[PDB]
Each structure stands twice: as C-alpha cells, then as structure tokens.
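Asks: Protein chains in written order, with the authors' numbering: chain F, 78 to 231; chain 4, 52 to 249; chain J, 1 to 42; chain 2, 58 to 265. We treat Cβ as the ideally placed atom computed from N, Cα and C, and that holds for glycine.
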Amino acid sequence: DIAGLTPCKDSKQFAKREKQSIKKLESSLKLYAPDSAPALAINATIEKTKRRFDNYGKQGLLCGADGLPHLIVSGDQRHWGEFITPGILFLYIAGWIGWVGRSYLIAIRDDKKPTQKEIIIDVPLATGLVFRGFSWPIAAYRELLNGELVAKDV
Amino acid sequence: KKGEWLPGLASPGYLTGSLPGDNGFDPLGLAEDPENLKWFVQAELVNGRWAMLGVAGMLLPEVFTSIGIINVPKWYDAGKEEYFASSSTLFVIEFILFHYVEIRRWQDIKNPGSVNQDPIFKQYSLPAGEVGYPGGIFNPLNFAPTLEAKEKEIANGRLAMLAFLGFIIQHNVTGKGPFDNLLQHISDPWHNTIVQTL
Amino acid sequence: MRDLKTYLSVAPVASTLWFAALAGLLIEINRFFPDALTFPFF
Amino acid sequence: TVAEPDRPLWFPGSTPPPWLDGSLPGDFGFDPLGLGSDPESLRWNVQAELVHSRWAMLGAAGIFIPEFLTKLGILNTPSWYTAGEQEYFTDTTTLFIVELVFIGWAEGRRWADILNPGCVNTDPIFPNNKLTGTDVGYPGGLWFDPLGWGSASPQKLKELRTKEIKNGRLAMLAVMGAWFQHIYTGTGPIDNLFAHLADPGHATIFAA
Ligand SMILES: CC(/C=C/C=C(C)/C=C/[C@@]12O[C@]1(C)C[C@@H](O)CC2(C)C)=C\C=C\C=C(C)\C=C\C=C(C)\C=C\[C@@]12O[C@]1(C)C[C@@H](O)CC2(C)C
Ligand SMILES: CC(/C=C/C=C(C)/C=C/[C@@]12O[C@]1(C)C[C@@H](O)CC2(C)C)=C\C=C\C=C(C)\C=C\C=C(C)\C=C\[C@@]12O[C@]1(C)C[C@@H](O)CC2(C)C
Ligand SMILES: CCCCCCCCCCCCO[C@@H]1O[C@H](CO)[C@@H](O[C@H]2O[C@H](CO)[C@@H](O)[C@H](O)[C@H]2O)[C@H](O)[C@H]1O
Numbered sequence: 078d079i080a081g082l083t084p085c086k087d088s089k090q091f092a093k094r095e096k097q098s099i100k101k102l103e104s105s106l107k108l109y110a111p112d113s114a115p116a117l118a119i120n121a122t123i124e125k126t127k128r129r130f131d132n133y134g135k136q137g138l139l140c141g142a143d144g145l146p147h148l149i150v151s152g153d154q155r156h157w158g159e160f161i162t163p164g165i166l167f168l169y170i171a172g173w174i175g176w177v178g179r180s181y182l183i184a185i186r187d188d189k190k191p192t193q194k195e196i197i198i199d200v201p202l203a204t205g206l207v208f209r210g211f212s213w214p215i216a217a218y219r220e221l222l223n224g225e226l227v228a229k230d231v
Numbered sequence: 052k053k054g055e056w057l058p059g060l061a062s063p064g065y066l067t068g069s070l071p072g073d074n075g076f077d078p079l080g081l082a083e084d085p086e087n088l089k090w091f092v093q094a095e096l097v098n099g100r101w102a103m104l105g106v107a108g109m110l111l112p113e114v115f116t117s118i119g120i121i122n123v124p125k126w127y128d129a130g131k132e133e134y135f136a137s138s139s140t141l142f143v144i145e146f147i148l149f150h151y152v153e154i155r156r157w158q159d160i161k162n163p164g165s166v167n168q169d170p171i172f173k174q175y176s177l178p179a180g181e182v183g184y185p186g187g188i189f190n191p192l193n194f195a196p197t198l199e200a201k202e203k204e205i206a207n208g209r210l211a212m213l214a215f216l217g218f219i220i221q222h223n224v225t226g227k228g229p230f231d232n233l234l235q236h237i238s239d240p241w242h243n244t245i246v247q248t249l
Numbered sequence: 001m002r003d004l005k006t007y008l009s010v011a012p013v014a015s016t017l018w019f020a021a022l023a024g025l026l027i028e029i030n031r032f033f034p035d036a037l038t039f040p041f042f
Numbered sequence: 058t059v060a061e062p063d064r065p066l067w068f069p070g071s072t073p074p075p076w077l078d079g080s081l082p083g084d085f086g087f088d089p090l091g092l093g094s095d096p097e098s099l100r101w102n103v104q105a106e107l108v109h110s111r112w113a114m115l116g117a118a119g120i121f122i123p124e125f126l127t128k129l130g131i132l133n134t135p136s137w138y139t140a141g142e143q144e145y146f147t148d149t150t151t152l153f154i155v156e157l158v159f160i161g162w163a164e165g166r167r168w169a170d171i172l173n174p175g176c177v178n179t180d181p182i183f184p185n186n187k188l189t190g191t192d193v194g195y196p197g198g199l200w201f202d203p204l205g206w207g208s209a210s211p212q213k214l215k216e217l218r219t220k221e222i223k224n225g226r227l228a229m230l231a232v233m234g235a236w237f238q239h240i241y242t243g244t245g246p247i248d249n250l251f252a253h254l255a256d257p258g259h260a261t262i263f264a265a
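(1) Between which two residues does the alpha helix (DSSP H) containing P12 (chain J) stretch?
(2) Kindly list, in the order they appear in chain 4, the residues whose Cβ is closer than 7 Å to that of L172 (chain 2).
(3) If we define contact as Cβ-Cβ less than 7 Å, is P12 (chain J) a contact residue for chain F?
(4) Hey, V246 (chain 4) and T149 (chain 2): beta-carbon distance below 7 Å or not?
(5) Under 6 Å from any heavy atom of ligand 1, does the C-beta of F142 (chain 4) make it?
(6) Assuming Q104 (chain 2) and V193 (chain 2) form a contact by the criterion Cβ under 8 Å, report the distance between their Cβ atoms to the nearest whole angstrom.
(7) By how many angstroms is the C-alpha of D180 (chain 2) removed from the C-alpha of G207 (chain 2)?
(8) Comparing C-alpha positions only, which one of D143 (chain F), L226 (chain F), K100 (chain F), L166 (chain F) sits nearest to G81 (chain F)?
(9) Could you tell me if the beta carbon of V232 (chain 2) falls within a distance shorter than 6 Å of some heavy atom in ligand 2?
(10) So, is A216 (chain F) buried or exposed, given that buried needs 16 or more other C-beta atoms within 10 angstroms?
(11) With a CB to CB cut of under 6 Å and the five nearest residues on each side skipped, what residues in its chain are close to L138 (chain F)?
(12) For ligand 3, which residues have a Cβ under 7 Å from at least one heavy atom, in chain order?
(13) Checking the sheet assignment: what are the DSSP bridge partners for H147 (chain F)?
(14) In whole angstroms, give me the CA-to-CA distance for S238 (chain 4) and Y175 (chain 4).
(15) Are the Cβ atoms of residue 269 (chain 2) and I120 (chain 2) separated by less than 7 Å?
(16) Using only CA atoms, which one of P82 (chain 2), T147 (chain 2), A169 (chain 2) lies nearest to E221 (chain 2)?
(17) Check whether the Cβ of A129 (chain 4) lies closer than 6 Å to any heavy atom of ligand 5, and answer yes or no.
(18) Just the chain 2 side, please: which residues come within less than 7 Å of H236 (chain 4) by C-beta, in chain order?
(19) Name the chain 4 residues whose beta carbon is nearer than 7 Å to that of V177 (chain 2)?
(20) Could you pull out every unbroken alpha helix (DSSP H) segment of at least 4 residues lying fully inside the segment 206-245 of chain 4, listed in chain order?
(21) Distance check for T58 (chain 2) and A209 (chain 2), CA to CA, integer angstroms please.
(22) Relative to ligand 2, is the shortest distance from any of its heavy atoms to the C-beta of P75 (chain 2) smaller than 6 Å?
(23) For the segment 68-128 of chain 4, which segments carrying the alpha helix (DSSP H) assignment without a break, of at least 4 residues, lie completely within its bounds, in sequence order?
(24) Would you please verify whether the beta carbon of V227 (chain F) is less than 7 Å from any beta carbon of chain J?
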C-alpha cells in the first residue's frame, strides 16, 4: 500500500503475532484447572487479544514487515482516524481547558487578593465557567476579531 | 416579564428584551459583547431560515412520496441521483451565485444601508429597513415586519434548526428518513423509541 | 462547616478529587473500549 | 418561627447547638457534627430531610403494605427487592427515561422555588390557578394541599409538621431496615417480623 506497507489483514507477520500471543497465553492456561479463576482470567485475556487484533485489521491499519500497525499522519483520507480526527478531538479538549482556566483568571483578577482564589479554588465560579469551553472555538474567535484575546502593547 | 427560558434564573443584563424571541437564554455568555450579539442575531436568522427551507424540502417531498401522490427521492439519496448537469457544475454555479449574494448581505451587516441599490440599474433601490430584514423587492406582498411576526420567524427557525438536528442524527442511527421514523414510532411508541433503536 | 468546605477547595484536595474522577473516567473508557490505536467511528 | 428554649432534646442533659433554637419542626437539637451550622446549609438540609422523609414514607408503605397482604391470602405482589428484575409493558430503560423527564420537570420547578421562593407558584399556561403556600417545602395550592389542612395558624402547623418529619425519620429507618434485612436474611421483611415474634430471644441478628 502506502510507503511499501501492507494492510494488517493481509500481513502474515500480523497473524503470526496473534497466533504466538494466544498460544503463549494458552501455554500459561494449561497449568490451571478449567473451572479456576486464573483460567477465566487467562481466557478473558485471550478473547481480549482476539478482539484487539481483529479491530486493528478491520479498520484498515497498515502493517510493516514487523507485523505491527504503522500510522500514517500525512493526511491521507484513508487513515484520518489515526491522527487528524483524534487530533481535532484533542485540540477541542485542550482549547476547552485553556479557555476555562483563562476565564477563571480573568474573573478573579479584580479580587482584593487574587492570589487567594488561586490557592483556594472558587468552586462555584469554576462550575459556572467549566461549560463555557463547550463553545470555546466561537468565544475565542469572536474575542480575536474584537481585540479581547490579546493584551494591547505587551 | 418578557418570557423566561428558566422560570427561576434571571435574565442577563445585555439581553434587554428589544429583540424578538428574547427569553433571557445565554448561559455561556456568548453575546455579552453587543457586537457579538449583533453578529449572532444575523447568524440565527440565516441559520433558522436555511433550516426552515431544509426541513421542508426534506420532510414534505418524503411524506408525499410515502403517501403515494409523488415519487421523489429521499433527502439523503437525492444527491446520488442523476440530473441534467454534472454535480460539479451545479457546485460551481451555487458557489458563484452565493459568493455574490452572501457578500452583498455581508456588506450590509458591517455597514448598514450600503448595498440597497442595484449597481446595474441605478434606479430600483431598496427602501431603508433593518439588518436581516431587507425591504423592497424582497417583500413583494408588502406584509408588516413587526413583533410577533418577527418573533414567529425566529421561533419557527429555532424549531426547524432543532428539526434539522433531529433529521441528521436520526437518519444516521435509524437508516431511514424522518417520516419513516414517525410511522415506525406511531405504530408502537412504547416499543419503537430511541431506547429501542440503539 | 464553611471552614471545612473552604479546606476541600484547597489546591491539593481539589486536584486529588479532580484527578481521581478523571482517572476513573479514563479507566472505564479504556475498559469499555480497550486498546484502540485509531478513531474507528469515522 | 417560634423559638422554644426548653424543648425536649435528643440528649437530655446536653446543650442544644446555637443554630438549632427549636423553631423548626421535629427539632431535638441533634447535630453533633454541625452539618447544618450555617443558615444556608440548614435550610438546604431542611428541604433535604423533608423530601427524604416523604419519599421514604411512600417507600415504607410500598414495601410494608404489599409484602404484608401478599403474605396473607390476599395479594400476589412479588418481592420489593426483585421488583426491578420484573418485565412490565415496556422495558425498564424506557420507563426510567420517561420517569426522568417527568420527575425532572417536577424537581426543576421545585429547585426554582428553593433557590428563589415564590418565582414558580404560577401555571405557565393557565395563570389563574397558582399555588397558595408561602413556605418552602410546603407548596400548598389546590394540587398539593386540596383538603386545606396546610393553611392554618402557627403551633398547629408546627404540630403537623413535627408529625410529618417524625413519621419520615421512622420511614427512612424503615426503608433502610428492609434493605439490610433482605441482604442479611434471605426472605421478605414480614418473615423477619414473624421469625422474631416466634422466637424473640434467639431469632435475632445473631441467628447466622
Ligand atoms: C442550516 C440548517 C439546515 C439546512 C439544511 C438544508 C439546506 C438541507 C438541504 C437539503 O435537504 C434538502 C432540503 C434536500 C436534500 O435532498 C438535499 C439537502 C442538501 C440535504 C440547520 C441549522 C441548524 C442549527 C442549529 C441546530 C443550532 C442550534 C444552536 C443552539 C441550540 C445554541 C444554543 C446555545 O447557544 C445558545 C443560544 C446560548 C449558549 O449560551 C448556550 C447554547 C446551548 C450553546
Ligand atoms: C435512613 C436515612 C438517613 C439517615 C441519616 C442519618 C440518620 C444521619 C444522622 C446525622 O446526620 C445527622 C442527621 C446529624 C449529624 O450531625 C450527625 C449524623 C449522625 C451524621 C435515609 C433513608 C432514605 C430512604 C429513602 C428516601 C427511601 C425511599 C424509597 C423509595 C423512593 C421507594 C422504593 C421502592 O420503590 C422501590 C424502588 C421498589 C418497590 O417495590 C418498593 C419501594 C420501597 C416502594
Ligand atoms: C426479667 C426477665 C425475665 C425473663 C425470664 C426468662 C426466664 C426463662 C426461664 C429460664 C430459661 C428457660 O429456658 C428457655 O425457656 C424458654 C421460656 O422462656 C423457652 O424458650 C422458647 O422461646 C420461644 C417461646 O415460644 C420458643 O419459640 C423457642 O423455641 C424457645 O427458645 C425454652 O423452653 C428454653 O430455652
């Protein structure tokens, strides 16, 4: 496929890793009784291993010669779930955190002792501001156009 | 007393009540700046108007199809159909026309009353109205743009925007269209709910 | 009582409660959706 | 609104807290941990105790009456503990979501009255109805006080409200009683009553 890689559903090394991993867990399983609690734990880990390998091969992950999923972050639309889509999700969360904390610092900057509300959190004020990050890309963008995001001459 | 979205909560100060559809609803404080309020009023009008036309064009052709009067493709399948022009050509036509119209409306948003006249024909201009409510040829039937009338426009736009939000999310999880969802629900509401769909 | 609530709002206690709730949430997310190198819902 | 200094306290011989003066119903000066010291927490917990008491009294009747008559040759009600596992005319999750919407409406208007008294006492569709009560936690009106025993003089209202909180405290202990009983024992709570009445000296908690 891309960069000489082969999809994990086609790679033999990928399937050999799944085999050897499951057979290694089965080798640990023979030591215990079929009704034992370690047996149900190892069986659950085996089922969890099958689920993991199957999910990786199903969602179009590319594999190298090592049989391990390689990620393609160039922006190719076949693999946006590998970086761009989770990255946009992160930037939404990160902007939320920064915008809410910024709203908090602005609200307490006019207090008599602003340091008091920085080492002892005003939870009521925080709880009222935590949901402004939901619309942070909008409130930030408007503050960009209105000259409210950046302090003048610093 | 202008209508309370939450009977307990008080109305924000910057929401005076001189705006149609005002119910004191802005928990996140997005329109605290009057310029943000001025821009978002136009954004609500245009989003509400497009949602009203969209919900109509999505629901009404489909119910008339399911009844049996006409056979019109569904709103999500109407794009895959074949038309007299290439979809790419349709895109470029729509882009050019809106790249002219929306920017002419945008010039009025920034500077009011600056695009009321026709640049091709010097006469035939628009009378002076308010931003978001252009008079003249845009109101041929000469209705009265007043309260209630403007409040009903915003109210229908809000419900239609929620209606569009329902249509897209329903069609995603249910597979079929809005009127088919209503028929499936009407047959047995206690066993055909979003609880059962998931 | 008010002094006790003021103590619970101090930086370390608020951090522990906030990070404990955050740790538990991420643990349950990786419990119902383990592994996952990608965003599979597209 | 009527303080009583020499009221019968929970701990006879002790001193009541300065914030519990006896104006509240069911006031016995019981707050060793000072959970309701400040007036803000006191009024909030007063509403919490009242709603707790009312829900637990409905629950106490919903357990102890059907479990009683079903033991007799009267009814067919299953165990209150296993009543959730039952299947009704629709799935449980649908009943719960419907309950959330409708009870959420009632609690939302109740919350508006607690945070802002009097601002919710009118019907938002037919304004002429209204609720007559003036005390928080005692809404009055035609719906919640039709017989009219709730609009009376003080002392009398205090006597009735003392009865209400007392029955509710007993019911809160009663509901939690049935819970930990059906966990410790393996039968209905009416069997615990009969087992104890059959042998009060031996059929106790020290039976397992
Ligand atoms: C424009 C729109 C829809 C337009 C749809 C169109 C044109 C459909 C077109 C077509 O279908 C046809 C007709 C025929 C099909 O064959 C083809 C397509 C192409 C499919 C929806 C807008 C939809 C817009 C929506 C849903 C907006 C919702 C905004 C909300 C709820 C905000 C609320 C708050 O912001 C406040 C006010 C205050 C804050 O403090 C708190 C929060 C809560 C954040
Ligand atoms: C006991 C209780 C709480 C007790 C708390 C106490 C004593 C605290 C004491 C102190 O804090 C004070 C006061 C002062 C502090 O300074 C000191 C301490 C010492 C700390 C609550 C019970 C509360 C119990 C409640 C509210 C029960 C409600 C029941 C409901 C709603 C109904 C449920 C059912 O419906 C199902 C689900 C299925 C049906 O088949 C059956 C039914 C039963 C009908
Ligand atoms: C002021 C306190 C006075 C309490 C005095 C109690 C003294 C009882 C006599 C001494 C002990 C006799 O010993 C005990 O007698 C009691 C009678 O109570 C009986 O005890 C019985 O109680 C109930 C009564 O129906 C039976 O269901 C149960 O099976 C059995 O334990 C038994 O026969 C014996 O276990």
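Replies: Taking the definition as stated:
(1) 11-32
(2) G59
(3) no
(4) no
(5) no
(6) 6 Å
(7) 20 Å
(8) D143 (chain F)
(9) yes
(10) buried
(11) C85, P146
(12) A255 (chain 2), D256 (chain 2), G258 (chain 2), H259 (chain 2)
(13) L139 (chain F)
(14) 55 Å
(15) No information on residue 269 (chain 2) is available, as it lies outside the stretch 58 to 265 that chain 2 covers here.
(16) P82 (chain 2)
(17) By its list of ligands, the structure shown excludes ligand 5, since it contains just ligand 1, ligand 2 and ligand 3.
(18) Per Cβ cutoff of 7 Å: no residues; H236 (chain 4) is ~12 Å from chain 2 at best.
(19) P58, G59
(20) 229-238
(21) 14 Å
(22) no
(23) 85-118
(24) no
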